[PDB]
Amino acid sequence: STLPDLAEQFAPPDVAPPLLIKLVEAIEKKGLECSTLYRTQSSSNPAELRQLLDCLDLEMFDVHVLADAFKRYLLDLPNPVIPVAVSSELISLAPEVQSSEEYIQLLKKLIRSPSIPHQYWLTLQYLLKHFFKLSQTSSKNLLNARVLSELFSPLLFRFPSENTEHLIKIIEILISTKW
């Protein structure tokens, strides 16, 4: 797993990692209406998926393989899209705080911190955009904000339990549109 840090894959004024852009655009072109996108295990193992993530047109690949490589990408990032410091703070507030809008405002504040490269917020924004576009064809792909949140929150925060429930809902709301 040689995948560089998000901050090493691109920098402003670019808006997202170029590899993540290729994956998202190919997946959206080929699987926007696939009733099982992101919920089916393809036949490829991590080593094969990583070969795809190390270099040519991703549209040539099976859409279920692209979906698995997307997940592999989020898993292999040296640091998760939502850094551990941010997740740790949100989780330790879990019993004391229960306002979703407060969690959302705090997540935004924490992830835009000066100590955290801007690329993390930018990538999160790009992923939320992708997840939201999928939810607009939910009647066909069955991926609504809630399902998308349950699938990807563990990859974005990098957790496998009851504390997590607050994090999942945050993503669900942010997918559906919010601050």
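Note that residue numbering follows the sequence shown and begins at 1.
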Missing residues, deposited sequence, between residue 13 and residue 14 (class: none, 1 to 3, 4 to 9, 10 or more): none
Could you tell me how many residues of the deposited sequence sit unmodelled between residue 55 and residue 56 (none, 1 to 3, 4 to 9, 10 or more)? 4 to 9
So 64 to 72 or 37 to 45, which one's hotter by mean CA B-factor in the entry? 37 to 45
So which stretch wins on mean C-alpha B-factor, 46 to 54 or 113 to 121? 46 to 54
Residue 7: CA B-factor among chain residues, third -> lowest
Lowest, middle or highest third: where is residue 170 by C-alpha B factor in its chain? highest
Of the three thirds of the chain ranked by Cα temperature factor, residue 107 occupies the middle
Position of residue 77 among the chain's modelled residues by C-alpha B-factor, lowest, middle or highest third: lowest
Residue 86: C-alpha B-factor third of its chain, per the entry, is the lowest
